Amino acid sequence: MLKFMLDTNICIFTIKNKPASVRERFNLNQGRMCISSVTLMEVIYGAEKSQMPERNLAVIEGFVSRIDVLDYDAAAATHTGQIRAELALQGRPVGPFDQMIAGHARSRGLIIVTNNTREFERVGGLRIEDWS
């Protein structure tokens, strides 16, 4: 059932701005949406980094209750290892966390959903969508 992986970028984009375009989109594919634990640590960080952790985290908890959180597995680690190695030769630079998110998706064959497809375009074999 689960078909979509929401990158860290789109999550904060939604958590902060709560855009209407994403409203119906999220509603439509409810149950088919997941996020990587890498994404989770980032959103937790932003909340705990903020001056009102308990509030932001509450919003975050609500978000996480609707989506399924995927633990980083050996398949993701191995896949990211390859992904990282490839990017070395290509010269294309991808963010540390973003690298792990990409490999995590490829390992489970999910579709990446992101507002900024530019970075993810360097990595191959990935399906990238822009829900912004």
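Throughout, we count residues from 1 along the sequence that is shown.
- In this entry, 87 to 95 has the higher mean Cα B-factor, the comparison being between 87 to 95 and 33 to 41.
- Remark: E48 belongs to the lowest third of its chain, ranked by C-alpha B-factor as recorded.
- Per the PDB record, residue ranking by Cα B-factor puts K18 in the middle third of the chain.
- Per the deposited record, the Cα B-factor of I112 falls in the middle third when ranked against the other modelled residues of its chain.
- Ranked by Cα temperature factor within the chain, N27 sits in the highest third according to the deposited record.
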